[PDB]
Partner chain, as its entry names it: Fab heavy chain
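Have a look below at one chain only, the form solved without its partner chain, in structure tokens format.
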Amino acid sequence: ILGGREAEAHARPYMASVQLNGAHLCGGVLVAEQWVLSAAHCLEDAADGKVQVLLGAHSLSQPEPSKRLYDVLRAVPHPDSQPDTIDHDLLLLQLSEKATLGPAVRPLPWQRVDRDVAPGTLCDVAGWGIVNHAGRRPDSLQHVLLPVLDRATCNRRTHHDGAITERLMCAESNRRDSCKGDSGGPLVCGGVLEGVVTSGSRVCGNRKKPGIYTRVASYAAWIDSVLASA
């Protein structure tokens, strides 16, 4: 997160760190007792690397009573995702067992109504991604409040030039933004999950290249079908 601040420890009990061979790779969000939602590019080249999900965390490195690193039974990328496109960039991780819930670990309700968030709505994004242009990695969770940017502005030639489909939404990126390592994490508006940070390479903190987020309401039937797979 560029331009943000340290999050209140455990105030976002749905936040997940998706890890590959014990290192933070991407954000994620606990959406059901046994399932974490994230982005597909995060793992597209992960091969047989060990994927785990850290829940109940603030610090990546320090012990905390609520912190638990879960193994993953199954990783389920969206079947229409592809390397090198921004579309359908969703991934579901089935934990090896249902998460132990409490005040620091709780699924986040997620949007099913497939209608746009009002322009300018202030939404929260959190993560453990880079915090400056040199790439410094924070030990603890950072966050920032970002206003939703209307799709037509986001689609101007000067911005994303028509790439923002109905299944995607934008948030402003002027000096406050999600950056490398924050992808896959949640964009939360009015206490409900609205978007998942896309995980393609994007410049960080340039107002002319807004943040792009996959709209979870647009993928409700897919999320429900993977969960019913259990």
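Numbering follows the first chain given and starts at 1.
Just so you know, the form solved in complex with its partner chain exists too; it's not on screen, but the next bit is about it.
Of the options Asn132, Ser96, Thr85, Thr153, which one has a non-hydrogen atom that comes within 4.5 Å of its partner chain in the bound PDB entry? Of the listed residues, the single hit is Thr153.
With its partner chain left out of view, choose which of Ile164, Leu187, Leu55, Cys42 has a non-hydrogen atom within 4.5 angstroms of it in the bound PDB entry. Contact with its partner chain in the bound PDB entry is made by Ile164 alone.
If contact means any heavy atom within 4.5 Å, which of 124-132, 111-119, 76-84, 139-147 contacts its partner chain in the bound PDB entry? Result of the contact check: 111-119.
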